[PDB]
Amino acid sequence: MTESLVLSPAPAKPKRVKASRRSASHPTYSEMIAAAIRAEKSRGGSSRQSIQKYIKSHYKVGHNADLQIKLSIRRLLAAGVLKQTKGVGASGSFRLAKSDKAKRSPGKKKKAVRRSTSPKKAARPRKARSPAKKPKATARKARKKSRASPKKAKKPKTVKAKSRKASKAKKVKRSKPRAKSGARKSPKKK
Amino acid sequence: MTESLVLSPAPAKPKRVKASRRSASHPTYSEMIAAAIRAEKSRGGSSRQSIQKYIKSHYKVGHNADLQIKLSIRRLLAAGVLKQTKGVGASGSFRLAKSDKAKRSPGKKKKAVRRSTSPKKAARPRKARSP
Amino acid sequence: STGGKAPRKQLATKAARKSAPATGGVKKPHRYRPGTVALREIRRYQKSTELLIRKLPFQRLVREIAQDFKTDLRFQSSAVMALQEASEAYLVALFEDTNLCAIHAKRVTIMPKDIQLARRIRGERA
Amino acid sequence: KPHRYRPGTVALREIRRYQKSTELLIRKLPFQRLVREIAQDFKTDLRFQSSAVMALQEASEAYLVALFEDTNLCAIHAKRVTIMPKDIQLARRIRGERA
Amino acid sequence: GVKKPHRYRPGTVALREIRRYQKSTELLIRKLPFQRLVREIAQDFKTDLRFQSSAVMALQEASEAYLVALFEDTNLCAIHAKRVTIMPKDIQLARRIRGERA
């Protein structure tokens, strides 16, 4: 812990702390890596260049951040807050431990049928003139539970019945007729 | 049964703000205690009362959830994604998969600071005499 | 039935709580717990009247020790069986004391810490 | 202020004195009266010899100290320094003195 | 408050140790601890055996050189496995090809 490493090069590091103002959302030094982690939007995670780009909006170009990132990753590993994926498909992709619980691997079918219906919902009205409406094709029950038509139909009735506000119920015949009006514009008839 | 019959109230109780594109509650038992552990100011994690305060909101499943909380904590232990800290007066130290217990020298652990009474304690003397 | 392609959140209506180890939701907590099934055996074994270790391997065990002591030895069926019953009750009697030693240390299962204490008090060891 | 000793330590130096001993630690006269009294409960008007009374004491002293060492091994199993009624009853049961 | 030492990185002093030990002509095992070992090994099969200091030195030198040559032989197995560690996997393999196990 020699002087040429504790006082000679130090002044740069304490001088630049907790000042990532340009990214207003969570500018804390410890939270930049984590903010990149939620912003990545991928199962594998963020690799080195991905995390560097996601952190880089301003205030960060890397005079010493290239090695400071490795040092912070070592600190986060000592804290046990990092979960990652190996392989050459993802060149050291990293994630923060966001309770995305690890479990046994086997049981990976080569399709995702439940989300396979979403692209068709995106495509069909968008291919039509009437743009993609609000997520009304399937309700919140779609990821509440996973059941067939009778159980996915009885529950919306309870959803609407438990909300007994007449004023709230008035909106279902004032926000929906907009679709009826737009059905005149997008197709020429019916 | 434990996921299709017993949790019949599960579609019913968190029915409203367990799914919302603006902001939604944490699904099932996967990650309820996650944000509770992270956004935390206590030096010794949660104590089975801060857990209730953190999870408790406008709506919750809340049906025999004391059983499921303990069961989930123990199963997450057995898998290896929960790690705790020893103590007596801390009323338990529930933390996440953060591996902060493996290698660390014993020197006591006391972090506690928050400026909530301090503004009021500063406003009290001026209020007693001349605002 | 929230799914999510994750066990303990998966479907257990395809599986069963009634002894279907196929991966799914969490099973029923009792699950014929080891305490319950063990109580079945202790009730049955403390009521029945039978030998509870294999006969010929025990006879082979005595033959192995006998060969070292005497090059050629002749045995009787009654003598081997007589040795077995005393030997069977020897560990039965020890386990009664071994179980009592476990309760003393606020414990329920017998461990090698118990056997060293029980035998020394009896005078078998040291 | 007295020099004092930490509790439980004086037992260690007492052990090195009492293990290295060739005497009886129970006063002979109370033991002699005790033996005569309990004997009267089964047979009245009995005479005793000094050697015979000492013989009962010597057997009793060895019986108790042997039990204490056996009881001591029960104390460590309980993860405590102090031996207690729970220790003695367990030791007696294994030793066959509880029947 | 002692000044923090200039700690060498792990394995750095191994080069310095090699310089001394390659030039070393001493015996790494002490005399009396090895004397008790050889006496018991002989006693295990035949009792009432005497010993000489010169004979003890002969037993030590042959055993040490046997192990010393093994380590260099074992090292050639490590590089073949793309590593520098010495493991029982390396040790068992090193003996087997040369013999001493059959």
# chains A, B, ... in the order shown; residues from 1 in each chain; ligands from 1

call {"tool": "closest_atom_pairs", "arguments": {"of": "chain D", "to": "chain C", "cutoff": "6 Å", "atoms": "only C-alpha atoms", "output": "tab-separated table"}}
result
residue	atom	partner	partner_atom	distance
D:70	CA	C:121	CA	5.9
D:78	CA	C:105	CA	4.4
D:95	CA	C:122	CA	5.4

call {"tool": "write_last_selection", "arguments": {"atoms": "N, CA and C atoms", "output": "mmCIF file, in the first residue's frame"}}
result
data_model
loop_
_atom_site.group_PDB
_atom_site.id
_atom_site.type_symbol
_atom_site.label_atom_id
_atom_site.label_comp_id
_atom_site.auth_asym_id
_atom_site.auth_seq_id
_atom_site.Cartn_x
_atom_site.Cartn_y
_atom_site.Cartn_z
ATOM 1 N N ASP D 70 -17.836 -40.209 35.617
ATOM 2 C CA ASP D 70 -18.831 -40.614 34.631
ATOM 3 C C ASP D 70 -19.828 -39.493 34.373
ATOM 4 N N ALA D 78 -23.386 -32.325 27.115
ATOM 5 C CA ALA D 78 -24.403 -31.284 27.162
ATOM 6 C C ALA D 78 -23.851 -29.905 26.828
ATOM 7 N N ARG D 95 -25.137 -46.875 33.802
ATOM 8 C CA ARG D 95 -24.387 -47.681 34.755
ATOM 9 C C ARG D 95 -25.215 -48.804 35.368
#

call {"tool": "closest_atom_pairs", "arguments": {"of": "chain B", "to": "chain A", "cutoff": "10 Å", "atoms": "only C-alpha atoms", "output": "Markdown table"}}
result
| residue | atom | partner | partner_atom | distance |
| --- | --- | --- | --- | --- |
| B:3 | CA | A:145 | CA | 9.3 |
| B:4 | CA | A:145 | CA | 8.8 |
| B:10 | CA | A:144 | CA | 8.4 |
| B:11 | CA | A:144 | CA | 6.6 |
| B:12 | CA | A:159 | CA | 8.3 |
| B:14 | CA | A:144 | CA | 9.3 |
| B:15 | CA | A:159 | CA | 7.4 |
| B:16 | CA | A:159 | CA | 8.2 |
| B:17 | CA | A:140 | CA | 9.6 |
| B:18 | CA | A:144 | CA | 7.8 |
| B:19 | CA | A:140 | CA | 5.9 |
| B:20 | CA | A:140 | CA | 7.8 |
| B:21 | CA | A:135 | CA | 9.6 |
| B:27 | CA | A:144 | CA | 8.0 |
| B:28 | CA | A:144 | CA | 8.7 |
| B:30 | CA | A:99 | CA | 7.1 |
| B:31 | CA | A:99 | CA | 5.6 |
| B:32 | CA | A:99 | CA | 8.9 |
| B:33 | CA | A:99 | CA | 8.7 |
| B:34 | CA | A:99 | CA | 6.1 |
| B:35 | CA | A:98 | CA | 8.5 |
| B:38 | CA | A:98 | CA | 9.3 |
| B:76 | CA | A:101 | CA | 8.3 |
| B:79 | CA | A:103 | CA | 7.4 |
| B:80 | CA | A:102 | CA | 8.7 |
| B:81 | CA | A:101 | CA | 7.0 |
| B:82 | CA | A:99 | CA | 9.5 |
| B:83 | CA | A:80 | CA | 9.9 |
| B:96 | CA | A:99 | CA | 7.9 |
| B:97 | CA | A:80 | CA | 6.5 |
| B:98 | CA | A:80 | CA | 4.1 |
| B:99 | CA | A:80 | CA | 4.1 |
| B:100 | CA | A:79 | CA | 5.1 |
| B:101 | CA | A:79 | CA | 8.7 |
| B:102 | CA | A:78 | CA | 8.7 |
| B:103 | CA | A:78 | CA | 8.3 |
| B:104 | CA | A:78 | CA | 9.7 |

call {"tool": "residues_around", "arguments": {"residues": "residue 128 (chain A)", "least_positions_apart": "5", "cutoff": "12 Å", "atoms": "only C-alpha atoms", "output": "mmCIF file with N, CA and C atoms, in the first residue's frame"}}
result
data_model
loop_
_atom_site.group_PDB
_atom_site.id
_atom_site.type_symbol
_atom_site.label_atom_id
_atom_site.label_comp_id
_atom_site.auth_asym_id
_atom_site.auth_seq_id
_atom_site.Cartn_x
_atom_site.Cartn_y
_atom_site.Cartn_z
ATOM 1 N N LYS A 121 -50.171 -10.131 -32.669
ATOM 2 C CA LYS A 121 -50.932 -8.976 -32.209
ATOM 3 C C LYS A 121 -50.259 -7.673 -32.611
ATOM 4 N N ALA A 122 -48.928 -7.637 -32.587
ATOM 5 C CA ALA A 122 -48.218 -6.446 -33.038
ATOM 6 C C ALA A 122 -48.378 -6.248 -34.540
ATOM 7 N N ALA A 123 -48.401 -7.344 -35.299
ATOM 8 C CA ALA A 123 -48.313 -7.247 -36.751
ATOM 9 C C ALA A 123 -49.664 -6.929 -37.385
ATOM 10 N N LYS A 133 -53.497 -1.053 -30.684
ATOM 11 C CA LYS A 133 -54.292 -0.485 -29.610
ATOM 12 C C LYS A 133 -53.637 -0.789 -28.264
ATOM 13 N N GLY A 182 -62.683 4.780 -35.323
ATOM 14 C CA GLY A 182 -61.515 4.502 -36.143
ATOM 15 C C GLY A 182 -61.684 3.319 -37.073
ATOM 16 N N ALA A 183 -62.663 2.454 -36.800
ATOM 17 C CA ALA A 183 -62.978 1.376 -37.731
ATOM 18 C C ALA A 183 -63.611 1.912 -39.008
ATOM 19 N N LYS A 185 -62.288 4.706 -40.371
ATOM 20 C CA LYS A 185 -61.148 5.275 -41.080
ATOM 21 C C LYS A 185 -60.210 4.190 -41.596
ATOM 22 N N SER A 186 -59.928 3.179 -40.773
ATOM 23 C CA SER A 186 -58.889 2.225 -41.152
ATOM 24 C C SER A 186 -59.393 1.279 -42.246
ATOM 25 N N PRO A 187 -60.472 0.513 -42.047
ATOM 26 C CA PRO A 187 -61.149 -0.062 -43.214
ATOM 27 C C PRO A 187 -62.302 0.822 -43.659
ATOM 28 N N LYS A 188 -62.554 0.821 -44.969
ATOM 29 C CA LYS A 188 -63.536 1.739 -45.533
ATOM 30 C C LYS A 188 -64.962 1.422 -45.101
#

call {"tool": "interface_residues", "arguments": {"of": "chain E", "to": "chain A", "cutoff": "9 Å", "atoms": "only C-alpha atoms", "output": "ChimeraX atom specification"}}
result
/E:3-7

call {"tool": "atom_distance", "arguments": {"atom1": "CA of residue 69 (chain E)", "atom2": "CA of residue 33 (chain E)"}}
result
22.4 Å

call {"tool": "residues_around", "arguments": {"residues": "residue 20 (chain A)", "least_positions_apart": "4", "cutoff": "7 Å", "atoms": "only C-alpha atoms", "output": "PyMOL selection string"}}
result
chain A and resi 27-28+59

call {"tool": "atom_distance", "arguments": {"atom1": "CA of residue 94 (chain B)", "atom2": "CA of residue 47 (chain B)"}}
result
6.7 Å

call {"tool": "select_by_dssp", "arguments": {"residues": "chain D", "states": "helix (DSSP H, G or I)", "output": "PyMOL selection string"}}
result
chain D and resi 9-18+28-40+50-77+85-95
